Amino acid sequence: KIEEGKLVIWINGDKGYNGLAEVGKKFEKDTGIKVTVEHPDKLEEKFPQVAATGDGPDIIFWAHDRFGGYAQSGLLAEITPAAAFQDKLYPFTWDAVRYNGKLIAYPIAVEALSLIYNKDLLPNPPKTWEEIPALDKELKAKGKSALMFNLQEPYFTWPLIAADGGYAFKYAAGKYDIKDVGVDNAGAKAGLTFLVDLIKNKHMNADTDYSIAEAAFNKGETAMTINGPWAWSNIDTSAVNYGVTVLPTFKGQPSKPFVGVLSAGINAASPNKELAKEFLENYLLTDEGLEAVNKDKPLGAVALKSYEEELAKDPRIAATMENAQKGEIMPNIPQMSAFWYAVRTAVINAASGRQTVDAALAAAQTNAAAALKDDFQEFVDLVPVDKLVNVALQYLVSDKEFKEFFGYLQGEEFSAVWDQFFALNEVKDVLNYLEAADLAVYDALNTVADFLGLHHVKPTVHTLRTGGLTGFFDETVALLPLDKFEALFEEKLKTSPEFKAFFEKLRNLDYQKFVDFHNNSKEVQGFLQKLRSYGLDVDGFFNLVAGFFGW
Ligand SMILES: OC[C@H]1O[C@H](O[C@H]2[C@H](O)[C@@H](O)[C@@H](O)O[C@@H]2CO)[C@H](O)[C@@H](O)[C@@H]1O
Ligand SMILES: [Cl-]
Ligand SMILES: [Cl-]
Ligand code: NA
Ligand code: NA
């Protein structure tokens, strides 16, 4: 569990975590409370992993786009500043961290990518993407290259993809339409095609990552890079005389970076929420606190009005805000995780040659729009439903044990198990949730009820060999591609927020109420006894199920 009486903070290792630790030093000087600042890798994935178990940091720093999913998963405490504090930060930064009407983090700073260029190699940087191929030819004749930036993270390639028409989710009169994705329209294809052709023509290398591009630019090997304000400090340390300016245009349109608001959330499981609010409001989000972080690694245009009025005089910040104004604030909706994962795969596969731009973006378009109903269909698609029903039909008319038990299912005892199971408020909750997700679960269960109510079957010739109730389950499980299920299950938790959210709804279900249902109902107990009496390990089933959901 989270340790009480201290603060543990997670922030990405490219940010000013040493400056943040200096703020932690002042907090301890004043209060006696110790602050630990960590910067683990894959922070945006590590936090929901550990926080879901009730563990993790008291405070989590990341761009705001990830926080709606965290909040939906119940990982974040509501943020309720007093009026005077709220007024100290720009309204549009509070907007970035508002989800379902509640504030779910403190906004810190506005981040936008810019074009960073070597003034000595390139006194006049290009205004267009289209002229960069020729510039690289010219620079290649001098032992240099034109442009290197991180091609492993779609954050860096999105501004080009969006320039001539690409978009994540369509925004209209208030809301984002998570069914209207814009990653495979003509503008998106054109932008990614231009990136891939830069690689095909050897103006960039598909394996270039953050560290490679940073080293190349700061050691004077490449004339340009694309990065955010956090990167300026290392460039300062280098010998490079650099400028920060507007991103290049594509087809006459501005590059459109997805703008992030670095935000600080409080772990819902933290026993230190009051200390975290004091640290964030009265130590970090002050002129002195943000200056400490900013002098370590620049934050960008900070959310704090008083200090942004100083930083705004910096031409590098002017360029950051110019690029931000030409881009768009990221959504914070949970579906952003699907979007980023889909475009990540598309860019890497297209840049590697593994796929064409058209095929990679076509797959990303469908993946970014993933919905629970679509995910469920992929599981059904794996199941031979024709065969499963025939086994059930053969057993229903041919197998002695199956008939015995099917007959039991038509008595009062099971009728009461059935009516009482589906009267539980915990079960009705799941059914309505599925109906909200456009899965006709009531219709499906009433199809099962109509079948359990069967009194006559069409004539058929019986099968000669059946193996009782255990033989029925062995024969039907044998038709289930169980490895593919567990694989598909693992991918969907990564590619589909709605699938994860449904699993979380079951995981976080009040499992006790079901044990109450069992331990207090004689009809339920009998039902379970009968199953065991036919050789069916019901206990090994429930226990295995409880493990699946962590009950
Ligand atoms: O590349 C996808 C990734 O983009 C953004 O992450 C940024 C982050 O916002 C910046 O602060 C900086 O650290 O670079 C990261 C990209 O490497 C999204 O915020 C993130 O959720 C998304 O996965
Ligand atoms: Cl990287
Ligand atoms: Cl359906
Ligand atoms: Na307060
Ligand atoms: Na094309």
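The PDB entry annotates the protein as Maltose/maltodextrin-binding periplasmic protein, Mosquito protein AZ1 originating from Escherichia coli. For the record of the protein, the UniProt heading Function holds the text "Part of the ABC transporter complex MalEFGK involved in maltose/maltodextrin import. Binds maltose and higher maltodextrins such as maltotriose." The UniProt entry for the protein carries this comment under Subcellular location: "Periplasm".

1. Points about the overall build of the protein
Regarding its fold elements, the protein presents 28 helices and 15 strands. Projected onto its principal axes, the C-alpha positions of the protein cover 90 × 60 × 40 Å. At a minimum sequence separation of 6, the contacts of the protein that also span at least 24 residues come to 77%.

2. Considerations on the site of ligand 1
Not every one of the 16 residues close to ligand 1 is listed here, only the nearest: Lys-15, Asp-65, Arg-66, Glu-111 and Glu-153. Between ligand 1 and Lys-15, the relevant distance is 2.9 Å, taken from an oxygen atom to a side-chain nitrogen or oxygen of the residue. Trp-62 is positioned with one of its side-chain polar atoms (N or O) 3.3 Å from an oxygen atom of ligand 1. For ligand 1, whose unbound accessible area comes to 470 Å², protein coverage reaches 94%. At the level of elements, β3 (59-63), α7 (154-163) and α15 (336-352) are the ones that each hand at least two residues to the shell around ligand 1.

3. Topic: the pairing of strand β13 (residues 258-266)
Consecutive side chains along a regular strand alternate between the two faces of the sheet. Counting buried positions over the nine residues of β13 gives nine, a clear majority of the element. Burial of β13 is two-sided: the residues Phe-258, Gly-260, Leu-262, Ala-264 and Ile-266 facing one way and the residues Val-259, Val-261, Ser-263 and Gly-265 facing the other way are all buried. Summarising the sheet, β3 and β13 pair through five bridges and their orientation is antiparallel. In the sheet register, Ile-60 faces β13, and the bridge partner there is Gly-265. Summarising the sheet, strand β6 (residues 106-111) and β13 pair through five bridges and their orientation is antiparallel.

4. What about the sheet that holds strand β8 (residues 145-147)?
Within the open sheet, the four strands sit side by side as β8-β11-β7-β12. Their pairing is mixed. In this open sheet, the two edge strands, each paired with only one partner strand, are β8 and β12 (242-245). Shown here is a sheet whose adjacent strand axes are inclined to one another by a mean of 20°, direction ignored. In the packing of helix α9 (residues 210-218) onto the sheet, contacts are made with β7 (114-118), β11 (222-227) and β12, and the angle to β11 comes to roughly 135°. In this fold helix α14 (residues 315-326) packs onto β7 and β12, with an angle of close to 35° to the strand it touches most, β12.

5. Some details on the side chain of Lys-15
Locating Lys-15 in the fold gives a position in the loop between β1 (7-10) and α1 (17-31). Here the side chain of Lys-15 touches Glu-111 through a polar contact of 2.8 Å, side chain to side chain. Residues in contact with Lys-15, not counting those within four places in the same chain, are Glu-111, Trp-230, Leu-262, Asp-296 and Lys-297.

6. Some remarks on a negative patch on the surface
On the surface, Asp-287, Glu-291, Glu-309 and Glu-310 cluster together to form a negatively charged patch. Going through the elements one at a time, α12 (287-296) and α13 (305-311) are the ones with two or more residues in the negative patch. Here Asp-287 shows up in helix α12.

7. With respect to the pairing of strand β9 (residues 167-172)
Pairing of β9 with strand β10 (residues 175-182), which is carried by five bridges, proceeds in the antiparallel orientation. Looking at β10, one finds that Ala-172 is bridged to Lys-175. Hairpin connection of β9 to β10: two residues between the antiparallel strands, including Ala-173 at a positive phi of 40°.

8. Observations regarding the pattern of salt bridges
Under the defined criterion, the tally for this structure stands at 19 salt bridges. Between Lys-26 and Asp-30 there is a salt bridge; the shortest N-O distance is 2.9 Å. Here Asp-30 and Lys-26 lie together in helix α1, a separation of four residues that amounts to about one turn. Linking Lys-277 and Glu-274 is a salt bridge whose minimum nitrogen-to-oxygen distance equals 3.9 Å. Note that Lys-277 and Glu-274 are positioned in helix α11 (residues 273-284) at a spacing of three residues, about one turn of the helix.

9. Overview of the nonpolar core
By size, the foremost hydrophobic cluster in this structure holds 109 residues, and its most contacted members are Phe-61, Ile-108, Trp-129, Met-224, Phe-279, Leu-284 and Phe-339. The element that contributes the greatest number of residues to this core is α15, accounting for nine residues. Each of domain 1 (7-111 + 260-329) and domain 2 (114-256 + 336-369) contributes no fewer than three residues to this core. The residues contacting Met-224, other than those within four sequence positions of it, are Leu-115, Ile-116, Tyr-117, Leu-122, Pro-126, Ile-132, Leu-135, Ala-146, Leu-147, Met-148 and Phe-217. Within the second largest apolar cluster, 41 residues are counted, among which are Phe-406, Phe-499, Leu-528 and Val-538.

Conventions adopted
- Residues numbered from 1 in each chain as written, not as in the entry; some residues may be left out.
- Chains lettered and ligands numbered in written order.
- Heavy atoms only, no water.
- Residues with missing side-chain atoms left out of burial classes, pairs and counts.
- UniProt positions renumbered as here; feature names shortened; annotations may be inferred.
- Helix = DSSP H or I, 4+ residues; strand = E, 2+ residues; numbered from the N terminus.
- Contact = heavy atoms within 4.5 Å.
- Near = heavy atom within 4 Å.
- Polar contact = N/O pair within 3.5 Å; in protein donor to acceptor, adjacent residues only side chain to side chain.
- Areas by Shrake-Rupley, 256 points an atom, 1.4 Å probe, with all protein chains shown as cover.
- Buried < 20%, exposed > 50% of the residue type's maximum accessible area, 1.4 Å probe, protein only.
- Pairing = 2+ DSSP bridges.
- Axes fitted to C-alpha atoms, helices over the stretch in contact; angles between N-to-C directions.
- Patch = residues over 30% accessible without salt bridge, like charges linked within 9 Å, V, L, I, M, F, W, Y side chains within 5 Å.
- Salt bridge = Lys/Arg side-chain N within 4 Å of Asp/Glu carboxyl O.
- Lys, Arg positive; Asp, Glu negative; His and termini not counted.
- Charge placed at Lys NZ, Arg CZ, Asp CG, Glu CD.
- Core = buried A, V, L, I, M, F, W, Y, C linked by side-chain atoms within 4.5 Å.
- Domains from an automatic or database assignment.

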